[PDB]
Amino acid sequence: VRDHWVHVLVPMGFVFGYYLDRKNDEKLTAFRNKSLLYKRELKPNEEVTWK
Amino acid sequence: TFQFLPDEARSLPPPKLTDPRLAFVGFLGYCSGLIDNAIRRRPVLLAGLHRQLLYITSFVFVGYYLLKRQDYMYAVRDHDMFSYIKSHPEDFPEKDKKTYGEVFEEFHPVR
Amino acid sequence: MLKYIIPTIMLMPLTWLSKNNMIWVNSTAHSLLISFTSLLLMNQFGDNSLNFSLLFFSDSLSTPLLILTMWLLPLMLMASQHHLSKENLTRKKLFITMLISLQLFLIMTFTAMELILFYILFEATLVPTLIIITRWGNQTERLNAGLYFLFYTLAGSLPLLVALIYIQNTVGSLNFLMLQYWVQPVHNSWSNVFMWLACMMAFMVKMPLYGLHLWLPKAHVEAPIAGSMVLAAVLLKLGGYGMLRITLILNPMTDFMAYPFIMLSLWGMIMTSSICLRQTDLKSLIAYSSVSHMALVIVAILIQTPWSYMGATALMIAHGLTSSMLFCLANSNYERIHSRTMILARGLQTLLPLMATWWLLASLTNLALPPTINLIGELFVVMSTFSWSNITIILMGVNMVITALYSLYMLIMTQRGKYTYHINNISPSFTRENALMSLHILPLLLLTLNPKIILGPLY
Amino acid sequence: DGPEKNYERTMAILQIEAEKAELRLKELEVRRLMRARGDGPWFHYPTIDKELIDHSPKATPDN
Amino acid sequence: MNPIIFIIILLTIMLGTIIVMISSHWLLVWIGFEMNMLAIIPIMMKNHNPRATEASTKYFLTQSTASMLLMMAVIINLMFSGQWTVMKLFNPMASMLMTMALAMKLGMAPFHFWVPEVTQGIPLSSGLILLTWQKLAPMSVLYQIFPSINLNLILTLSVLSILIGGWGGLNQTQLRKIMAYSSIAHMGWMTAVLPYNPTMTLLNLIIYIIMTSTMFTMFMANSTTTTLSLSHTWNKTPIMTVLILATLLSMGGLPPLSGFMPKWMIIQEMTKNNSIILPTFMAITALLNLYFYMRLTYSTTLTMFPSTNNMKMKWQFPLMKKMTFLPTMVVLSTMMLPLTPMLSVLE
Amino acid sequence: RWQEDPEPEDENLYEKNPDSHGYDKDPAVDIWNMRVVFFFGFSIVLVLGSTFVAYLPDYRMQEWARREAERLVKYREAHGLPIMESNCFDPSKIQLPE
Amino acid sequence: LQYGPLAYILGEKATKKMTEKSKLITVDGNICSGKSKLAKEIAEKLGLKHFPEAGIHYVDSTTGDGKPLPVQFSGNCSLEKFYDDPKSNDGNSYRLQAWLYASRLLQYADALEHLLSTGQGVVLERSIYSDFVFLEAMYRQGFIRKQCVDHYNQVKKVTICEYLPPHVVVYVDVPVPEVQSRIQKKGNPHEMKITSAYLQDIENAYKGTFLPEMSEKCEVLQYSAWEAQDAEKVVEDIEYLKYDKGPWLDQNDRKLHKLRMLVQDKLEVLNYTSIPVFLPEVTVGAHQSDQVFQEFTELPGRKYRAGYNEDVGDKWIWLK
Amino acid sequence: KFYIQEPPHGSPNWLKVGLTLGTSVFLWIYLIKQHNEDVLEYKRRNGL
Ligand SMILES: CCCCCCCCCCCCO[C@@H]1O[C@H](CO)[C@@H](O[C@H]2O[C@H](CO)[C@@H](O)[C@H](O)[C@H]2O)[C@H](O)[C@H]1O
Ligand SMILES: CCCCCCCCCCCCO[C@@H]1O[C@H](CO)[C@@H](O[C@H]2O[C@H](CO)[C@@H](O)[C@H](O)[C@H]2O)[C@H](O)[C@H]1O
Ligand SMILES: CCCCCCCCCCCCO[C@@H]1O[C@H](CO)[C@@H](O[C@H]2O[C@H](CO)[C@@H](O)[C@H](O)[C@H]2O)[C@H](O)[C@H]1O
Ligand SMILES: CCCCCCCCCCCCO[C@@H]1O[C@H](CO)[C@@H](O[C@H]2O[C@H](CO)[C@@H](O)[C@H](O)[C@H]2O)[C@H](O)[C@H]1O
Ligand SMILES: Nc1nc2c(ncn2[C@@H]2O[C@H](COP(=O)(O)OP(=O)(O)OP(=O)(O)O)[C@@H](O)[C@H]2O)c(=O)[nH]1
Ligand SMILES: [Mg+2]
């Protein structure tokens, strides 16, 4: 609607911001399942421990 | 000698066309387009879209090559530094590292 | 933090692309939504901080300051939209843009992992703040207040820049997580004395420390209401937050370097509290009250104990809401009588009964009635300074007496007694004004039910 | 986020920052040595190029 | 001036500078300065009035004296090394003479007196060339001879210029004189870092040129040469006042604006060399410049000064001046800080 | 002296609109402004936000620490071990100077 | 090609278009002297463009849709008020005179631009050269202050020096008793309040300062009320002029290129009419000027640069 | 016909518009081809 299309700007900014925060995590996986505290074996269907 | 991007720079990966720095350069080009409309008292958002497009494209085009030189100059800096360290091992000895159990640090109470 | 930076940025296209008559409605609604999402930063752990990326992290210190910052933006829009009604549309949008850009800098400032990044954003907040005061302040003296504000900050912050760059050369990093592990003790020397002063003076000027506080009463008397709210609520806390971080790398030199600044604060709070008893301008009185409350925070930060750090954090949050309330209460009188003189309009409880209740509640938090978080923060500081030296209780106790006297004096003078005969335009409190007052006090009093979330990392 | 993700994400941040800090300290040391000794590619101030010299027999022999 | 002649004279100004920048022989460097000085005098004189004649004459005497001193340094250098290659000089007396000659050409304190007077006496477009393009040739020579420059001399010239430039601008109401004293102060930053990292000299020079060009262009768009005239802009081109405000805050070195970058990087390079007192003194002294930049913002953008009735007649006509590159220059003048690492292209 | 407009008279919003909420002169905008503030401010942020805070999952691990302390006190007292030792770190892992 | 150096380089030189008929003619005289009718006849017979005397709304006629704007957008200058209350405390007398000089300066720039761009001459009724006679008359009747005259001379000093004087000055010489007779006959209620002393001061300035001055540099032709009816004789006098004085003989393509660059840029033309001299009569407070400027931007076709106003039917804005 | 005088920008300058859009289009093709040739040269030199 031409009346209420401005109301998606900030909610879409949050979704885009949320998405980019998750993308940031994919660049910081050098130690995923490699810390002495949390390192373990993968479950049969598990590919990664977190994403 | 007097070369913007010497041939050895082609061994480096090119900057991605979605580089966040390149996007910012494009945004600066967009802002210049609006300020052009404003100083000449045109409708800021709609006026001359052909002109607004070239502002973005020009900024991105020049920005892409400036980013390429930027990355190459930092690759050269690292290349020079690592070669010099290899050439002069006596000046960069591998440090003998002790654990905190062996190292003595004074305690400064907060009382 | 991108989930907060981007929607904050999107507030600017929203304001500029809104219908002419919907700029306040739209900007207020969506900045309240941003404030709602900021409660996700409460995912805090007992050992580790919330480390988002290479640029931004959040911990128990920055999280409460972040939530206060994002809550204040809609409150500032509510407070400003009335005195800006005559302003033309484009300048209204420019005002809102300055508020939005201030929030963007603030949320980045409080989450910046690297100290030089913190510096740039810490400095960036000056620009919009100065513009708000000088452009939209009401009186001739806003220009002088702008200059004093600008140059007091830069006189201290430029030496901080040199010190920070020097630390990075020596240590190799300014990342705060790195400094937690690579910190080395600061030995006695004249070079280290001036490194300590460069690392601290900028934050002292912002708090402000007694003796470097004269810019703050000026700034408040000249700022518009939104300027006063953000100045008192958040911008003062940039100094406290900065001090809480940088003191990590100044040990053990802080043991003796803090003495002159503890004396200035301990004696400063009694002087500024006493000064409040004689102030004739209501905004100036609230401004001097801030200096006294923040003198407690400086002492707490400088003596570096778990109890003092918990008290400092609670005080910063509690004072932020209380002082912002008091400015909003004083402004609502100004919008009727157009004077800041405290003795001009008296006996307002007879004419504005519900507004007098907000006045009572704000005053009670200002004097730290238990169990408000204002009292929790003050008490934790008093407990920790007693161990530092038992004699401090005398100074702390005297300030508590004086604080009650000037808080109730302000309540008595303006709300009680006889109304002024010739002031016949005291129109009933608007829904906007009542909602603005309650949006301060209600979160403030609700925090008493779960104080741990405003007690900081040492909790 | 679960504590494990934040914990190991923190380690990845620390590794990057620690590596950058070491490189910053090494660069300051390398620059200090190259400037004092002149044996590196940095601080290489030009000297006259020897390809400008004419080596042919001259009008007179003693040169 | 005939438009074709004006073009050829502008190209000769540029050619003289280019000759200085591409030359390996000291004589060609001297020729580049001579050709450049010959071609710039006609654009100082173009408006034909006693003030423009005085400025052109004061400029000629200063630059001619500096070029004679430069040729002395070159000839002394030839006597003691037998060569003309543009590089380090081979005699300390020659180095002092060339350093002093180049300081005179740049208008550095205490050889600064001509800059405010010459800039005041010439048109805005000519002042734009004087305070930007003309800095290129002398700075490019300093870039190449800095190993042999006396450290105490160059740092003394830098410190004096930052003080004189800062103090001199406080007393000014003429915009051309404000820009002149602002130029003097900025030259001091450029030469203070030159002994440590010439790259940072280039960064400061480029950014200074960009912000200086922006300000001169905005003054030219409105034909404003005085503070009070500039104070009428709000009642004619409100957008221009905002651009002026942003650019002045950038020239003040305020974060997050582009003008913070050169001061930021110069302080870094000096601290890496254990220079702490000097950068701190420079940064605090630069607050003098911020003061009289802020004064201009008060009278231009942050307050509305009194207007005149005849101003209403101006509301009916649009800006017809070229304002070439202004939208690009203003964005670079203010919004470049996030791209600071790009300075490595200048390495 | 000069040609300047006179100071306007301050307008009481209640004259034109006795139902004014004090947000806007336009009654329709005024009511909407009141509604977003009251709904997003009180109904959402303060009510749901207070509820969200009330149910934060063991904020900063205080509850886990108490459970862990109970487990250690139980095991240590069963085995006749000190409840807590003065030494945070094992002395055999420390090499003192001199 | 919009005029500029590129157009000049490519052969758009003034001497090409200008003939012996490319003359700037100005008609002067006292009030009700019949100069308006004579000016039209001269222009018709010689095929020149006629400019009606620039009044309070001259600038409106050259911009927008050409229609006059409300009075607040001219500062509330009123010639009617000047006759009713020439000594009004609101400074209307000099505010009008300062505004009228700027209007004449704008018209002179338009006339020169027409002459230099087309080669066709123009006929003006009074000009920036004769505007001072009204100011001197005003001062001598005590209608304006000495500081107003000092302000007027400052603005004139830095503006008139840029332009060339008329080729021909035509003066119609009607004595004051006759002028007053023609004023009462015309029957304009406000004009009849004019004093013969004010009219005598206008004539004294004309004959004391104007005509002697212009004689040094122009061709000055003088006619009586009777001699001015014979337009053909006036035109016969004009066509037989020698044109042996003045700076128009020194002009050349180079100098006329600079002149055309000036007169075509109207903001550059009016630059010094707003010098920051804070005279009470012409100074406008910030709040008023701000309020009036916002109103002006709301006028039809005035928010944006001409050609970019969708509210008055401009199209293809997204490609312009 | 609202304006008393014809505006200098009454109608678009179609030659300028064609040059403007043509320049934008050309710059993107050159940039895209430059990027592709850079990606291939990078892969060849590194054996990928
Ligand atoms: C997750 C995002 C949440 C964002 C929340 C944002 C809240 C925004 C509140 C908007 C207030 C409503 O805004 C207003 O509503 C009405 C009905 O829809 C619209 O339409 C109105 O037009 C005219 C009134 O002139 C009438 O026909 C009638 O009153 C109504 O239909 C208005 O044009 C619009 O301005
Ligand atoms: C390729 C690079 C260029 C990219 C350009 C991408 C965006 C292009 C947008 C074109 C349409 C802009 O729209 C133009 O500006 C605004 C917002 O719509 C409108 O005018 C506006 O006035 C006020 C706000 O000032 C509001 O009522 C509302 O926002 C709107 O009506 C204009 O009437 C419209 O003509
Ligand atoms: C210790 C760290 C912080 C130190 C900061 C000190 C730097 C200077 C801050 C203020 C700068 C203001 O700059 C200038 O100061 C003077 C007074 O000081 C002001 O002037 C004001 O006080 C003077 C002196 O009583 C009066 O004559 C004047 O009428 C009044 O306006 C100027 O209007 C202001 O332009
Ligand atoms: C501002 C004055 C302008 C007028 C200039 C007048 C001309 C100046 C002529 C300078 C030429 C002489 O220059 C000077 O010659 C002597 C002769 O060996 C040099 O040598 C002298 O100093 C060096 C020091 O290591 C040694 O050679 C030796 O101790 C001594 O002889 C100087 O290093 C050189 O600086
Ligand atoms: N104060 C003032 N009035 C002016 C000026 N120019 C014209 N006027 C007035 O404008 C009115 C018309 O001027 P005239 O052209 O001389 O009278 P006219 O009868 O209509 O024209 P003619 O028949 O040619 O004489 C007169 O009342 C003039 O006084 C001026 O520069 N200053
Ligand atoms: Mg007439």
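The figures here come from the full heavy-atom set of this structure, side chains too, leaving out hydrogens, waters and symmetry mates. Protein chains get the first letters and strands the later ones, always in sequence-line order, with residue 1 at the start of each.
Of the listed residues (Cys77(G), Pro276(G), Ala306(G), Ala98(G)), the one with the most heavy-atom contacts under 4.5 Å to chain E is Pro276(G). Annotation: maximal heavy-atom pairing with chain E below 4.5 Å, among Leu106(G), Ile9(G), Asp290(G), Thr297(G), occurs at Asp290(G). Each of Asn76(G), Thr283(G), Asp253(G), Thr62(G) has some count of heavy-atom pairs under 4.5 Å with chain E, and the biggest count is that of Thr283(G). If you tally non-hydrogen atom pairs under 4.5 Å between each of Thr226(E), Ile4(E), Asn235(E) and chain G, the highest count goes to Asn235(E). Contact tally against chain E (heavy-atom pairs below 4.5 Å) for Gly64(G), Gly4(G), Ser74(G): the top residue is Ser74(G). Interface check for chain E: of the options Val277(G), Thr273(G), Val282(G), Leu267(G), the most heavy-atom pairs under 4.5 Å are formed by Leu267(G). Across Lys236(E), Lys321(E), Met313(E), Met320(E), the residue that shares the most heavy-atom pairs under 4.5 angstrom with chain G is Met313(E).
In this structure, chain E has heavy atoms under 4.5 Å from both the backbone and the side chain of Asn271(G). Proximity to chain E is limited to the backbone of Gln72(G), based on heavy atoms less than 4.5 angstrom apart. Looking at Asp60(G), both its backbone and its side chain come within 4.5 Å of chain E, counting heavy atoms on both sides. For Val292(G), the parts lying under 4.5 angstrom from a heavy atom of chain E are both the backbone and the side chain. Of the atoms belonging to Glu268(G), it is side-chain heavy atoms, and not backbone ones, that fall under 4.5 Å from chain E. With a 4.5 Å cut-off on non-hydrogen atoms, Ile275(G) touches chain E through its backbone but not through its side chain. Residue contact with chain E, scored on non-hydrogen atoms closer than 4.5 Å, is absent for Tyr101(G). Both the backbone and the side chain of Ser103(G) have a heavy atom closer than 4.5 Å to some heavy atom of chain E. For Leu6(G), no part lies near chain E; criterion is any non-hydrogen pair under 4.5 Å. Residue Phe305(E) touches chain G through its backbone alone, counting heavy-atom pairs closer than 4.5 Å.
Side chains of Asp110(G) and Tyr58(G): a donor on one and an acceptor on the other come within 3.5 Å. A donor-acceptor contact closer than 3.5 angstrom links the side chains of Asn36(E) and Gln134(E).
When all heavy atoms of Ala180(E) and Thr119(E) are compared, the pair lying nearest together is CB-OG1, 4.0 Å. For the residue pair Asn289(E) and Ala185(E), the shortest heavy atom distance occurs at ND2-CB, 3.4 Å. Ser213(E) approaches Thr132(E) most closely through the heavy-atom pair OG-CG2, 3.9 Å.
For the pair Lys312(E) and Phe296(G), the cation does not sit on the ring face, since its NZ or CZ is not both under 6.0 Å from the ring centre and inside 45° of the axis. At least one cation-pi condition fails for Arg145(G) and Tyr94(G): the charged atom is not both under 6.0 angstrom from the six-membered ring centre and inside a 45 degree cone around its axis.
With contacts defined as side-chain heavy-atom distances shorter than 4.5 Å, the pair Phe219(E)/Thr225(E) does not qualify.
Salt-bridge check for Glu117(E) with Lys177(E): failed, with every basic side-chain N at 4.0 Å or more from each acidic carboxylate O.
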- Task: Please assess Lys266(G) against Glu113(G) for the test salt bridge (charged side-chain N to carboxylate O under 4.0 Å, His left out), listing each intermediate value before the final yes or no.
- Result: CA-CA 11 Å; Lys266(G) 301 308 183 297; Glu113(G) 199 198 337; 2.9 Å; yes
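Relative ring orientation between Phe278(G) and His232(E) is described as perpendicular, the plane-to-plane angle rising above 60° on a 0-90° scale split at 30° and 60°.
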